[PDB]
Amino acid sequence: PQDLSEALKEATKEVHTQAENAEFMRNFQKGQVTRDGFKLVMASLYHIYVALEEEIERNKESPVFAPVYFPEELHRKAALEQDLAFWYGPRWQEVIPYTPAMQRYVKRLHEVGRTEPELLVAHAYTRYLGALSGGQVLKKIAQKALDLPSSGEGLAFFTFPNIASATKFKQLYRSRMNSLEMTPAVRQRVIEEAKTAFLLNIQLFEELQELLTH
């Protein structure tokens, strides 16, 4: 399509469904998520967002990313740190897993941020817009399956405190993406990078499912 935002949505519709169809995610949607499974997901998110946000900070002034730089509204690292301390305890940093599939994703994020910054928007799009769109759905399913105590911690990741209206912000974020100027060749690679992001997620889901079925 014309607008990059619409192009991305349309181009990733298929892989998004593939993600929804992933065995690990099928069970999650069926409400069959376990505490051990959720912990692995949260650990994965921590590594992914740490890498993504390190690269965003590196390229925040670049014309290829500046337009979609919203640190206060979107940063998730601090929220995940809070959540992991709850899920894995005070020594979470020493015990959280960092698996090969998580590493593959992190490696690509750093590769992009350091050598193909123009493609970082694809990763920011897939992570942030995804979390902002289906985050509520996924969160509701989680808490109603995890039967968490009432300790007031563990799911901060699912709440963006600095965004008053998700609908308003999503429109703003899409507008900024559409403001980005890139050659057709680059735009093609951004679209492809977005699909790659989903694929990295899917391979991660396959790995986590394998680790949990022993």
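Throughout, we count residues from 1 along the sequence that is shown.
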* Asked: Out of 31-39 and 153-161, which stretch has the higher average CA B-factor listed in the record?
  -> 31-39
* Comparing 85-93 with 136-144, which stretch shows the greater average C-alpha B-factor in the deposited entry? -> 136-144
* Cα B factor band for residue 185 (lowest, middle or highest third within the chain) -> highest
* Asked: Taking the entry's C-alpha B-factors for this chain, is residue 175 in the lowest, middle or highest third?
  -> highest
* Asked: Once the chain's modelled residues are ordered by C-alpha B factor and cut into thirds, is residue 25 in the lowest, middle or highest one?
  -> highest
* To do: Taking the values exactly as deposited, rank residue 167 by C-alpha B-factor within its chain and report the matching third: lowest, middle or highest.
  => highest
* With respect to C-alpha B-factor, does residue 11 fall in the lowest, middle or highest third of the chain as deposited? -> highest
